[PDB]
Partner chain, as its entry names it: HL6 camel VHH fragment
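Before any questions on how it binds or moves, here is one chain, the form deposited without its partner chain, in structure tokens.
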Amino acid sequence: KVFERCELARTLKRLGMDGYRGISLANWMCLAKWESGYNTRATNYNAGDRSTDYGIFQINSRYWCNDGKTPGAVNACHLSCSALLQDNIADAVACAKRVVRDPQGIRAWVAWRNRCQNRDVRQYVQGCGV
């Protein structure tokens, strides 16, 4: 499923993402946009370290979810990577909250660092009623 912008904003707000660890809904929207274009089926394989990023938040298989084929995986979210490919994003959000609880926080997402950080991101939520 490829979410509509305001549709996703309302969904994340309902799931407790607005202001989670001080992170605004607009920041979460900015990173979903650049990481996956709001697509829950998005997957990207890293030939280099042999790991895969899954879903709307592009969560990596080495540290967060288990896909069974990644060397040295940890599975900190205690989730099967397939759960991050569902149309329902509840599991994705719970895992995304777990990621930000680690030392580096939101800096774990390459896309936030390159396109969202120190940038005005209000345009991601304007007109959504959130």
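Residue numbers count along the first chain shown, from 1. Here, rigid core means the biggest group of C-alpha atoms that superpose within 1.5 Å across both forms.
Using the rigid core as the fitting frame, the root mean square C-alpha deviation in 4 other deposited structures of this protein is greater for 101-109 than for the other of 101-109 and 88-96. Higher mean CA temperature factor between 107-115 and 15-23: 107-115, per the PDB entry. Comparing 42-50 with 90-98, the stretch with the higher mean C-alpha B-factor in the PDB entry is 42-50.
Note on the listed residues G37, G68, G55, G72: the highest Cα temperature factor in the record is that of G72. The entry lists a Cα temperature factor for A76 that places it in the highest third of the chain's modelled residues.
A second form of this protein, the form solved in complex with its partner chain, is not displayed here; the remarks below concern that form.
Taking its partner chain as positioned in the entry with it bound, the residues of 90-115 that bring a heavy atom within 4.5 Å of it are, in sequence order, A90, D91, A94, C95, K97, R98, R101.
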